[PDB]
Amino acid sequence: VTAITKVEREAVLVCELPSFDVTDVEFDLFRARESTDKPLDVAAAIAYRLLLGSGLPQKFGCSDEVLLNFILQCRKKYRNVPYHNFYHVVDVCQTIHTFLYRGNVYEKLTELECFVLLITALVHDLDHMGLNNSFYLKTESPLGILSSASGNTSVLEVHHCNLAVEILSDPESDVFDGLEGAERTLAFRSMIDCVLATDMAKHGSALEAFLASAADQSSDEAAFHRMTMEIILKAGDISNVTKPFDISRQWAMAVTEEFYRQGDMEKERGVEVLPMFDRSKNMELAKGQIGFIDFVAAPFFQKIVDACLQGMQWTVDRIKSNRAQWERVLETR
């Protein structure tokens, strides 16, 4: 990868984020993006401020400059797709910050693990092309073939991990360069385990494992820490419905458009299109979100809060009010 230039860094350091509290659960990244003519710089600046403000990079020998380099190397590898772009991973970073510090999940982890989570948020979807794992397998795409051949069906997640390892292999962008021995190993393994755990095919088993570990007073500590990390990246990854309703809605619009574009390409390639990917089925956003809330997000957040993350109660509350607002959209249609 080409080194980050001084001009690239300055363009981020310029951004001042006047009127924004990046630590707030009601922070609005869409408003931040609209605020400016250079949304990519503002997004980078948000990530930068979150990481420096945590106090964590400083404690792990990561310089302000290596941090900004890392952020900009991550940025270069996100594509202009509707949802799985740089704004999503910055959003996940910001959201995880809130979970750690507003939800007090930081209490469950070491400072290094908190640092790893914030960093992992920015790598966890590198070079996403707007197509899910299933597309690559169904179309016998080269990436799909390689996954099947090598025995790992987490097509995209292994790819993300590959590119994270590349970025971090250069000291100029290695936010873990200040680490050695077992700390450096834990950083890489936990980062990778977390990204691998974002494959929604593993959702049920990841959740089950965490819940079982959390219920067990005699769980292995290292294992509980690792599963807590996995659950928090997962939580951030499906956190759109925990946001204030107009933020939540904009996310649903973007993901819906990404799905529809995949559906279009599936049609052209003559492979199976699921209803939720099909523009012609014309399905209402309100029912989409309610279904996601009922079948995925509300059980997830409720169970982890009840089991262990009591401080993240507000996520359950916002999901509940978001569901009620979508139901009011139905009621008045």
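Start at 1 and count along the sequence shown; that's the residue number.
264 to 272 and 54 to 62 differ in mean CA B-factor, and the higher of the two is recorded for 264 to 272.
Judged by mean Cα B factor in the deposited record, 249 to 257 ranks above the other of 249 to 257 and 224 to 232.
Out of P171, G204, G178, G103, it is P171 whose C-alpha atom has the highest B-factor in the PDB entry. For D306, the recorded CA B-factor ranks within the middle third of the chain. Only modelled residues enter the ranking. Sort the chain's modelled residues by C-alpha temperature factor and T153 lands in the highest third, per the entry.
In the deposited entry, the Cα temperature factor of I167 places it in the middle third of its chain's modelled residues. When the modelled residues of the chain are ordered by their C-alpha B factor, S141 lands in the highest third.
In this PDB entry, the Cα temperature factor of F277 sits in the top third of its chain's modelled residues, the highest group.
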